Structures are given as C-alpha cells and as structure tokens.
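Single-structure report; data block below.
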Amino acid sequence: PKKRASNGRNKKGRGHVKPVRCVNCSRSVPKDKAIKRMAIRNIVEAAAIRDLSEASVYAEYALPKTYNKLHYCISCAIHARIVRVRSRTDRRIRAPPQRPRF
Amino acid sequence: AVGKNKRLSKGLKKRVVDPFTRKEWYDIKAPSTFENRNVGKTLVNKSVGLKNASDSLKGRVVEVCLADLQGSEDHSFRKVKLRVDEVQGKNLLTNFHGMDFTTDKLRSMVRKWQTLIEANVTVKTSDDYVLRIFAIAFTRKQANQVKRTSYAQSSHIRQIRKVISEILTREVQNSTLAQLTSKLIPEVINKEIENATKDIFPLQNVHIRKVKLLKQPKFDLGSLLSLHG
Amino acid sequence: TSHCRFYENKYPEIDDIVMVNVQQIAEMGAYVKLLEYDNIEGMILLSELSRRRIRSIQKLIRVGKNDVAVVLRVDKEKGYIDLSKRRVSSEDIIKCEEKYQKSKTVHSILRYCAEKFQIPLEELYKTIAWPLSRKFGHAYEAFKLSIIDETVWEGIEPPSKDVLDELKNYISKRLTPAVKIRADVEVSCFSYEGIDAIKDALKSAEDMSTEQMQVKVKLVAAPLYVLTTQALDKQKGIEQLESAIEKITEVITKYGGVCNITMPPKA
Amino acid sequence: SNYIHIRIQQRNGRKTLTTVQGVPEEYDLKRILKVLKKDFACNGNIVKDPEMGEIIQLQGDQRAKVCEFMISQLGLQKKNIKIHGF
Amino acid sequence: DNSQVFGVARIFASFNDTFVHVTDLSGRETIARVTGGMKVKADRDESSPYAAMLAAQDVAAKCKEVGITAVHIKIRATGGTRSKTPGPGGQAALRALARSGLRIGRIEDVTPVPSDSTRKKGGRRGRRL
RNA sequence: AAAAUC
RNA sequence: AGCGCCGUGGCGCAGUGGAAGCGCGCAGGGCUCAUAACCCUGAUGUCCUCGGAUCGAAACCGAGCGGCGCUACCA
Ligand SMILES: [Mg+2]
Ligand SMILES: [Mg+2]
Ligand SMILES: [Mg+2]
Ligand SMILES: [Mg+2]
Ligand SMILES: [Zn+2]
C-alpha cells in the first residue's frame with residue numbers, strides 16, 4: 001500500500017540523485033531523502049560564556065558560532081529522536097513543527 | 001594512563017633537563033601598511049655555531065587577526081598570514097604572505113535561498129608576486145521582493161564573474177604588494193565590484209577571500225626596510 | 001609500638017597510588033585505613049570503587065583484606081583522604097602491589113628490630129629509614145646495597161650500635177640472595193685414549209677451583225659431562241667454565257678425539 | 001596411549017553439543033571440518049584446550065554419525081574410539 | 001597593551017581523545033603536549049570532559065610557568081571524513097583554560113572541512129550497530 | 001548493548 | 001642409578017617468612033512463573049613426614065617419602 005504520495009523521497013522528476021553519507025552510521029542515502037538539519041551552535045555552551053568572558057583580553061569580543069549541515073540516514077534519525085513517527089492523518093502536515101517559542 | 005607496551009626499537013637515565021632555558025624570545029614587527037605595527041613575540045632555541053637561529057627564523061609563518069593590526073573591530077573576521085624572512089636581533093621583520101577569512105564569517109554568509117557566486121583569478125602583480133585571488137558574492141533580495149528565493153540565472157552568474165575577473169586583473173596587474181594591501185585593508189575593491197555589478201544583478205556580501213600567494217621573486221632587503229618603520 | 005609510616009610525609013600527596021586494608025562500608029563507601037602512608041582513614045565511594053558497575057558489593061571489596069587504591073584528594077587540614085579503586089591501570093596494579101610488599105617487608109624487619117629492642121618504631125624510622133630513603137630513594141635498595149657495601153651506614157646516627165648489629169644480622173639472614181652456573185659438554189671421541197684424557201682434563205678443571213669458587217665436573221652419561229659451579233658474583237663462573245673448555249679441548253686435540261659443547265656457561 | 005572418546009553436553013531446550021577428544025594429525029583439521037559441516041549441517045569449532053588438545057566441537061547429538069565419518073576418513077580401527085552415553 | 005605573551009590553544013577533540021596543546025603565535029614550536037587521555041586510565045574516558053579539564057589545568061600551569069599569558073583558541077574536530085562535530089571533552093578543556101588565570105582571546109573553529117572529496121569509512125550500508 | 005527458553 | 005619440578009579444603013593458582021588463601025567446585029539460599037546468567041551464604045588443613053636458626057613458620061634450610069621430567073640401561 002502506498003505509504004506516502006511523495007514516496008517519502010522528494011525527487012519527482014530527476015530519475016536519480018547524487019547520494020550523500022550519513023553523519024552517524026555512514027549510510028549512503030539520496031540527498032533529497034536525507035532529512036537534513038542545520039546545527040548552528042556556539043563554540044562554548046551557555047554555562048561557559050561567563051568564564052571565557054572574564055578570562056578574555058578583549059572586552060567586547062563576541063564568541064563565534066560553529067556551522068555545519070547534518071545529513072542523517074533515516075534509521076539513525078528515527079533512533080536519535082530528531083524525527084518522529086506520526087499518525088496517518090498528521091503525516092501530510094508539511095510545515096515544520098510550530099515554534100514552541102511563541 | 002600507561003596503557004603502553006613500551007615496544008621501543010634504551011639508556012639507563014635520560015637527561016631531559018631544561019628545554020626552555022636554551023630558548024630565547026623574538027619580537028615580531030608587521031609591514032607599515034598595518035597600523036598597530038607591533039605583532040607579538042615568538043620563542044626559539046638559542047643560537048649555536050653550526051645552526052644559526054636566524055636560519056630557522058627565516059621561513060616561519062605567523063597567523064594574526066586583522067583587527068589586532070588595525071584596532072577597529074570592523075576587521076575581526078579577517079586573517080592575515082605573515083612570513084618571517086629577516087631578523088634584526090631580538091626583533092624580526094616580516095613580509096606579506098596571504099589573507100583569509102575566519103571560517104565563522106565564511107559559513108555565516110552562506111545562507112539558503114540565495115545563490116553564491118565564486119570566482120577565481122591567477123595574476124602576476126606589478127613587480128613579480130604571482131598571486132591567486134578569490135572572490136565571493138551573494139545574490140541579494142531586492143528591497144521589495146515577495147519572491148522568497150533570489151536565485152540568479154547561469155548567464156547572470158557568468159557575466160558577473162567575467163566582470164569580477166576584469167576588475168581583479170585590473171587592480172592587481174597595476175599595483176605592488178604595498179599598494180595592494182593598502183587597497184585590501186579598506187576593501188575598496190569590494191565597493192568597485194559592487195558598483196560594476198549593480199547593473200547586471202543586485203549583489204550582496206561581496207568579499208575578497210583567500211588571497212593566496214603562488215610565487216615570490218628574489219628578496220630585496222631595501223624594499224623590506226621600506227615596508228617597515 | 002608499631003605505628004610509624006614507611007614514607008617521609010604524614011599526609012598523602014596528590015595522584016599517588018597505594019594499597020589499602022578494607023575495614024568497613026556503611027552507605028557512601030569504604031572509609032578504611034591506609035597501610036602505605038601514615039595510618040589514616042580514607043574514603044572510597046561506590047562510583048570510585050568498582051570498574052564493573054556495582055553488582056557484587058560484597059565480592060570485589062573484602063572487609064579485612066588489602067587492595068590497590070589511588071589518592072584523588074588530600075585535605076591536609078583536619079583528617080580526610082579521598083581514594084578510588086577504579087582509577088588504577090591493569091599494569092599499574094602490579095607495581096602497586098610490588099611497592100606494598102616492599103613496604104611490608106621493610107616494616108616487618110624494622111618491627112622485629114623494635115620488638116626486640118623495645119624502641120618505638122618512629123625513632124627507628126627517623127634515625128635510619130628516612131635518611132636511607134633519601135640517599136637512595138628507598139630503604140630496601142639501601143639494605144640490599146648494605147649487604148654488598150657497609151658504607152650506606154656512614155653519616156647517619158643510630159639510636160644504638162647494637163640496633164645496627166641486630167638489623168645487619170637480620171638483613172643478612174633474610175635479604176641474602178652463589179648463583180648456580182651449569183654448562184654441559186659432549187665428548188664425541190672416537191680415538192684410542194679418551195678415559196685418561198677425561199681424567200686429567202677434569203683433574204686440571206678441579207685444580208683451578210678456588211677456596212670461594214668450587215667446581216666439581218660431574219657425570220650424568222658417557223658423552224654428557226656437566227660442569228656445576230657457584231658464582232658469588234655471576235661473572236667468575238663463566239670465566240672458569242671457558243678455561244675448562246680450553247683445558248678439555250687442549251687435552252683432546254692431542255689424544256686424537258673430539259669434544260663438542262652443547263650448553264656454554266649460563267646461570 | 002592416545003585414546004579417543006566422544007562426550008555430550010546438554011543445554012536449554014534439549015539442544016546438545018558433541019565433542020570428540022583426540023584426533024590424529026595424519027589428516028589436517030580444516031579439510032575435515034569442511035566435510036563435517038556438509039554431512040552434518042551443524043556448526044563446528046577447532047577449539048584449543050590446555051593439557052587436553054585440539055577439539056572439533058559439533059552441534060546436535062550425534063554419535064553413530066561422527067563414528068560413521070570416522071570409519072571412512074582416517075579411522076581404520078573402530079576399537080580405540082569410545083562412545084559415552086551420558 | 002601590557003605586553004601579554006600570546007599563544008594558540010589548538011584544542012583537538014575527537015570522540016575518543018582530547019588534545020590540549022598550546023603553541024606560539026607561529027605555531028611551529030610546541031610548549032606543552034600533555035594529552036587528555038593521559039590524565040585517565042580507563043581508556044574509555046580519554047575524551048571524557050574531566051580528562052580534558054585536567055589536561056587543560058596542566059597546560060595552564062605549564063603556560064604560567066613558561067611565561068605564556070594569553071592564548072588564542074583553536075577548536076578542532078576530527079575533520080576529514082570521520083566527523084564534523086567537536087569532541088565531547090574539548091568543551092570542558094576550553095572551560096578549564098578559561099577558569100585557570102590565563103587570558104583568552106580570538107576563539108574560533110578550525111575544523112578541516114573537505115569539499116566532498118573522498119570515500120567515507122563504513123561502506124554503502126555503513127555502521128550496523 | 002548483551003536477551004536467552006515456550 | 002644421577003640432576004631438575006610438585007606436595008589442597010574435593011581441583012588449580014597464590015603468598016612464601018604475623019599463623020589459614022582465592023577462583024573453580026559442591027551445598028543451600030535469593031533473583032523468577034521458570035531454566036540458565038547473575039547476587040549472597042558456608043564446611044572442609046602437622047598446604048607430604050622428621051629436625052633446626054628464628055617471639056614466631058605451612059613459608060628459610062636440611063635428612064627422608066610419594067608422584068612427575070630429562071640423562072640415559074649407565075660392565
Ligand atoms: Mg507496510
Ligand atoms: Mg522531463
Ligand atoms: Mg538499528
Ligand atoms: Mg568490515
Ligand atoms: Zn546513520
């Protein structure tokens with residue numbers, strides 16, 4: 001039975017797509033069906049900014065952020081809670097989960 | 001700790017003694033085109049007859065933040081690599097080697113729903129410095145757009161990059177190292193690129209990255225002293 | 001009395017590894033006495049107690065037995081020592097038990113001295129043990145070098161000379177290590193006269209025997225002649241046996257036969 | 001000398017393991033494990049046991065069958081090999 | 001400027017190891033090379049934040065005895081193909097550099113990132129834990 | 001994680 | 001016949017110099033519905049016999065015993 005209309009892959013008109021490797025289990029998966037997450041974080045946590053700020057020669061220096069895109073395999077992500085099973089009627093809600101920070 | 005087999009391919013006692021007492025410091029000075037000319041202080045093993053300390057010194061590379069040599073914080077993202085070539089004794093003098101962005105600004109400028117433009121050029125300077133210069137641009141959302149994306153057609157990219165090539169070649173082939181750096185520090189090349197490319201496509205975050213040196217001619221001491229003090 | 005420690009200081013230094021006798025565990029861990037530093041109670045809590053989770057809280061820790069522990073913190077103010085059992089390497093435990101038995105041996109010797117002389121062990125360690133552990137780094141190595149060189153006792157004032165005599169007697173009785181060096185040689189004779197050759201070769205071999213180094217070349221079979229020697233220094237026996245090899249080969253080059261070696265001088 | 005005998009070790013759920021102790025070195029062991037595996041459809045191990053010797057552990061509970069292989073491969077005696085009931 | 005002696009921290013943190021290693025502005029010669037895994041014995045906690053913190057304290061003491069006063073931060077991951085994320089311990093190493101007297105400036109990340117350049121360990125189907 | 005029987 | 005190794009509490013290793021060790025077993029218990037796995041609890045010794053320095057020895061030695069290993073059947 002057709003689980004999804006878009007086949008849960010999102011190509012529809014390219015025949016084939018270059019595959020990219022998972023960051024957790026190193027699985028090769030097509031880039032479209034690769035459930036990607038941009039992890040923008042600081043080099044230090046919120047519990048360390050104080051010590052670095054008081055141990056800094058520059059008074060107004062703002063610590064820079066680390067950027068990287070994460071390409072998961074699907075199984076690791078279902079395991080690592082970043083992607084969640086849904087009820088059948090709620091599968092089709094394409095919009096990203098509504099921001100809790102309202 | 002000590003998760004070791006000690007399979008060494010043997011003396012009863014090894015005299016590590018003091019490694020730092022046989023070491024001396026040396027102050028680094030930047031080319032005059034940078035404002036805060038004093039750089040820092042590097043350590044090195046003391047002189048011996050067979051091997052000159054200055055020999056080991058000439059050839060060193062030092063990374064500095066441009067804001068440290070400017071004083072302003074409008075240049076915290078840039079990264080200047082200088083080259084140790086001549087030493088005056090307890091003080092060493094350096095020549096320009098290269099430029100870069102800290103990775104943070106680089107990944108910051110690369111956002112989604114906008115196509116970046118990467119251009120490269122290889123070019124000889126006025127005197128002999130064979131350089132390679134990169135150029136990054138980002139297509140800008142108009143101040144009126146409802147179009148979520150701001151993608152540019154490949155023809156626009158190609159004309160833009162041809163213009164970039166012309167501008168960079170014109171700027172480099174004319175001027176020397178000192179003039180080139182004095183141009184880069186206010187990044188007026190950025191303004192010139194923006195002005196030229198405003199006719200073809202609206203452009204944003206244009207910068208000049210990774211000023212990479214390929215070849216340098218035979219060293220001239222008088223020129224180095226000219227760049228200093 | 002038997003109270004003084006083996007080492008120099010009273011309270012432990014940081015990140016040092018010793019071996020502890022377990023006495024009791026209540027709820028936070030085992031606060032047990034030390035047997036390498038000065039006698040004092042240190043705490044080994046549960047998450048610092050077993051490399052394995054905590055499934056057998058009775059097996060790996062034994063009330064009344066000694067196991068290796070490591071110093072994590074030392075509060076050199078009132079009374080407190082922090083110790084851990086997990087933070088000891090698999091190879092390190094061997095050196096820890098080596099040092100513990102070292103300490104126990106020296107402690108037992110000095111305890112015999114104190115029990116026979118009724119002097120508190122603190123004075124025995126102060127007047128003797130710590131100067132030797134300063135000059136050589138250890139008191140056991142110092143006893144070993146006293147066996148071969150009396151000069152280790154120079155520069156230190158004993159509590160009494162009779163104590164020195166009794167302790168030197170005890171270390172000679174206990175810490176004495178005459179290395180048995182055996183070689184074996186094969187007479188492969190085919191010639192006319194070989195028995196008188198063996199007789200006079202072994203007579204010469206026994207002639208070079210010294211009052212301190214005695215050699216008796218024994219027989220276990222016709223070809224296999226065994227040379228057994230005692231070497232008070234391990235270097236004289238090999239020379240004795242090489243000289244013997246020279247003697248037998250010289251004797252056999254003239255009578256006509258041949259003598260071959262299987263095992264040259266080895267301790 | 002060099003007596004040969006087979007033992008049975010039971011397990012949970014009636015499953016069983018068979019061990020022949022002592023094997024002549026005239027024929028090598030891997031070449032014999034190969035044909036043990038097919039004719040028996042059971043997993044096998046050339047395990048090392050100190051002071052005991054190399055042992056070809058096999059699955060199942062079979063004694064006349066390992067014996068029937070023995071009669072043909074190298075064994076020509078059928079007198080030294082002993083079968084244990086257990 | 002009160003003549004701070006500047007260096008770089010060059011913190012390299014894998015998931016199995018943490019490297020706190022200060023060197024001079026040039027970076028050619030190396031002041032301190034004490035490793036995070038050195039400070040622990042279990043060999044499973046080589047990258048544990050405590051090990052990095054303790055190695056970092058060792059580095060700070062070595063710097064203050066050498067004469068180093070200020071340090072630039074060079075956080076690094078394994079890079080290449082293995083991973084792109086900082087090691088779990090390097091963060092505590094940076095914290096320990098922070099709260100240890102030494103002055104800090106110019107924190108940045110220097111993770112070597114490839115342009116999708118080579119095959120990655122694991123095969124097609126990858127790790128199957 | 002290793003999970004066995006039924 | 002000669003020189004090397006060993007001497008359990010059922011079995012092995014460990015300490016050999018404060019005086020009875022651990023695991024393996026065995027027995028029982030607990031975990032459980034229930035078997036393994038796992039977690040607790042024990043009861044067994046002139047650690048082969050006889051002498052000796054030693055406050056002290058099962059431990060250090062030796063004066064003999066039993067069983068193994070090599071030389072090799074030693075007219
Ligand atoms: Mg289905
Ligand atoms: Mg089409
Ligand atoms: Mg899975
Ligand atoms: Mg493989
Ligand atoms: Zn994965």
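Identifiers in the structure tokens: chain A, B, ... in order shown; residue index from 1 per chain; ligand index from 1 in order shown.
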Report as JSON lines the residues of chain E within 12 Å of ligand 4, each with its shortest atom pair and distance in Å (one decimal), using only C-alpha atoms and all ligand atoms, ordered by chain and increasing residue number.
{"residue": "E:121", "atom": "CA", "partner": "ligand 4", "partner_atom_place_in_ligand_line": "1 (Mg)", "distance": 9.8}
{"residue": "E:122", "atom": "CA", "partner": "ligand 4", "partner_atom_place_in_ligand_line": "1 (Mg)", "distance": 7.9}
{"residue": "E:123", "atom": "CA", "partner": "ligand 4", "partner_atom_place_in_ligand_line": "1 (Mg)", "distance": 8.4}
{"residue": "E:124", "atom": "CA", "partner": "ligand 4", "partner_atom_place_in_ligand_line": "1 (Mg)", "distance": 11.3}
{"residue": "E:125", "atom": "CA", "partner": "ligand 4", "partner_atom_place_in_ligand_line": "1 (Mg)", "distance": 11.1}
{"residue": "E:126", "atom": "CA", "partner": "ligand 4", "partner_atom_place_in_ligand_line": "1 (Mg)", "distance": 9.6}
{"residue": "E:127", "atom": "CA", "partner": "ligand 4", "partner_atom_place_in_ligand_line": "1 (Mg)", "distance": 9.4}
{"residue": "E:128", "atom": "CA", "partner": "ligand 4", "partner_atom_place_in_ligand_line": "1 (Mg)", "distance": 10.6}
(request) Pick out the residues sitting within 10 Å of residue 200 of chain C, and hand them over as a list in words; count only C-alpha atoms (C1' of nucleotides), and ignore anything fewer than 6 positions along from it in its own chain. (result)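 Using only C-alpha atoms (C1' of nucleotides), the neighbours found are residues 206, 247, 248 and 251 of chain C.
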(request) For chain E, work out the contacting residues on chain C at 12 Å, counting only C-alpha atoms, and write them as a PyMOL selection string. (result) chain C and resi 15+48+50-52+70+72+85-93
Take the residues from that selection and put them in a file with C-alpha atoms, as an mmCIF file, in the first residue's frame.
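See part_26.cif below for the written result:
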data_model
loop_
_atom_site.group_PDB
_atom_site.id
_atom_site.type_symbol
_atom_site.label_atom_id
_atom_site.label_comp_id
_atom_site.auth_asym_id
_atom_site.auth_seq_id
_atom_site.Cartn_x
_atom_site.Cartn_y
_atom_site.Cartn_z
ATOM 1 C CA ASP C 15 47.554 11.420 42.462
ATOM 2 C CA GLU C 48 35.052 5.126 42.600
ATOM 3 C CA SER C 50 34.397 -0.942 41.108
ATOM 4 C CA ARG C 51 35.401 -0.953 37.454
ATOM 5 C CA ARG C 52 32.337 -3.151 36.947
ATOM 6 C CA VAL C 70 44.603 5.719 44.349
ATOM 7 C CA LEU C 72 42.248 11.601 44.458
ATOM 8 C CA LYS C 85 39.767 1.760 43.325
ATOM 9 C CA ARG C 86 38.791 2.053 39.651
ATOM 10 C CA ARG C 87 41.476 4.590 38.671
ATOM 11 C CA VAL C 88 44.335 2.085 38.665
ATOM 12 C CA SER C 89 45.712 0.682 35.418
ATOM 13 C CA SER C 90 45.889 -3.048 34.756
ATOM 14 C CA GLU C 91 49.691 -2.884 34.573
ATOM 15 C CA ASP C 92 49.842 -0.354 37.421
ATOM 16 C CA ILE C 93 48.298 -2.755 39.965
#
(request) List all protein, DNA and RNA residues that have any atom at most 6 Å from ligand 5, counting only C-alpha atoms (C1' of nucleotides) and all ligand atoms, and write the list as a list in words. (result)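 Residues lying within 6 Å of ligand 5: residues 22, 23, 24, 25, 26, 27, 72, 73 and 76 of chain A.
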Grab the residues selected above and save them as a CSV table (one decimal), in the first residue's frame with C-alpha atoms.
chain,number,residue,atom,x,y,z
A,22,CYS,CA,25.0,9.7,6.9
A,23,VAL,CA,26.8,11.5,9.7
A,24,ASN,CA,26.0,9.0,12.4
A,25,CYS,CA,26.0,5.3,10.6
A,26,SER,CA,27.7,6.4,7.3
A,27,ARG,CA,24.9,5.1,5.2
A,72,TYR,CA,21.4,11.6,8.6
A,73,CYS,CA,20.4,8.3,7.4
A,76,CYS,CA,19.7,6.8,12.9
(request) Residues within 12 Å of ligand 2 should be enumerated using only C-alpha atoms (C1' of nucleotides) and all ligand atoms and returned as a ChimeraX atom specification. (result) /A:12-15
(request) To one decimal in Å, tell me the separation between atom CA of residue 57 of chain D and atom CA of residue 21 of chain D. (result) 9.0 Å
(request) Using backbone DSSP assignments, extract all alpha helix (DSSP H) residues from segment 50-238 of chain C; output them as a VMD selection string. (result) chain C and resid 92 to 117 121 to 124 130 to 135 140 to 148 161 to 174 195 to 207 236 to 238
(message) Please identify all protein, DNA and RNA residues within 12 Å of ligand 1, counting only C-alpha atoms (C1' of nucleotides) and all ligand atoms, and report them as an NGL selection string.
(response) :A and (1-4)
With only C-alpha atoms (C1' of nucleotides) as the counted atoms, please give the residues lying no more than 8 Å from residue 187 of chain B, apart from itself and same-chain residues fewer than 4 positions off, as a compact mmCIF listing (two decimals) with N, CA and C atoms, in the first residue's frame.
# COMPACT_ATOMS: atom_id res chain seq x y z
N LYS B 183 45.04 48.71 -0.52
CA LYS B 183 43.71 48.66 -1.13
C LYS B 183 42.81 47.68 -0.39
N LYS B 191 33.81 47.66 -2.97
CA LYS B 191 32.92 48.71 -3.45
C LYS B 191 32.94 48.79 -4.97
N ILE B 208 36.47 39.60 -0.66
CA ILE B 208 37.66 39.10 -1.33
C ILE B 208 38.33 38.10 -0.39
(message) Set the distance at 7 Å and use only C-alpha atoms (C1' of nucleotides): which residues neighbour residue 29 of chain A once local chain neighbours fewer than 4 positions away are removed? I'd like the list as a VMD selection string.
(response) chain A and resid 19 to 21 33 to 34 73
(message) Taking only C-alpha atoms into account, name the residue in E:18, E:26, E:4, E:85 that is nearest to chain B.
(response)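 The shortest atom-to-atom distance to chain B comes from E:26.
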